[PDB]
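Next up: a single chain in structure tokens, the form deposited in one PDB entry.
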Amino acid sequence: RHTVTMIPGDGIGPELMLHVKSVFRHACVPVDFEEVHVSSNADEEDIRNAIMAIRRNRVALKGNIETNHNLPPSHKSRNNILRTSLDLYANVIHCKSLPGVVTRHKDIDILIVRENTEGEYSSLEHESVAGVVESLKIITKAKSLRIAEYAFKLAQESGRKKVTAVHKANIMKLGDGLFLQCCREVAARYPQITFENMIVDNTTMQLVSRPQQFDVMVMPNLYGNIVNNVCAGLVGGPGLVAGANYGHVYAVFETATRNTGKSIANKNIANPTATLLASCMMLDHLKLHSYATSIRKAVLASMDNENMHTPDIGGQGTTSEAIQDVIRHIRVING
């Protein structure tokens, strides 16, 4: 039996964690959730003890902590604090067209690897003189190499064929240039993998027209924020795609789009698919592959049935009805 840290978060996070427990019970998953909560308090003791629990447990599943962007810069986003404190350098999400969710674009299969600790998320700002604010995007070699290694190793181990580095090196010459060059170095150690690159503007243009051309994508932190959300939307939206955060030792799983969904919380309408798929990836990471597969096939089977769809993807059913259908599909897999 494994012990996993669970941070319920804000918005739809709490309600969706309950269905995660409920689904794990019916599947008899050998996992005990050890909950930690994170308040609105400007004090950091909550976020710091969530960190230490993840250090203890090594694995966590979390909702999204809301960030109040009206508070002072000293009050920094807790999701970022977790990410960087724990040095979970690789944000990985896998957007694949779901045959039951029909959108404008078909045949999408994109692994996105996003540097998760550095970049314009460094939280380094200052006001030199009244009305003049500087913010320091940080790109380093060790972190650009690290993320590039991961994307290429991923590309090979999952039998992909093309990595595309996404960047603004033609204008951010030193910073984005350094990142692009770390990618190129790694590329030369994987001669069997096609290496390309593309400017982040033109990448968004290609995504909204011909997103089938992309295989694996690696990029620095902000561009990942953009590309994750572009591709989430292309395949159907925030309720569908899981995301993972990997460090050398620690791992934390969530929804790909990192959204609290406060405007739909507590109305039994949230789509549980992203959260459930995230908890299967957590099961795979824990080497509990048979449980991960049982639940993942159940949730995917349910998305095939239009009648189970929540309102985020054009449907009318409730969360609880979807969770019902998912449990009905498991309860026949294990006897």
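Note that the rigid core is defined as the largest set of C-alphas that superpose within 1.5 Å between two forms. The numbering used is simple: start at 1 and walk along the sequence shown.
A second form of this protein, the form deposited in another entry, is not displayed here; the remarks below concern that form.
Superposition of the core reveals a Cα shift of less than 2 Å for residue 145 between the shown form and the other one. The Cα shift for residue 193 between the shown form and the other one, taken after rigid core superposition, is 2 angstroms or larger. Residue 169 shows a C-alpha shift of 2 Å or greater between the shown form and the other one [criterion: core-superposed Cα displacement of 2 Å].
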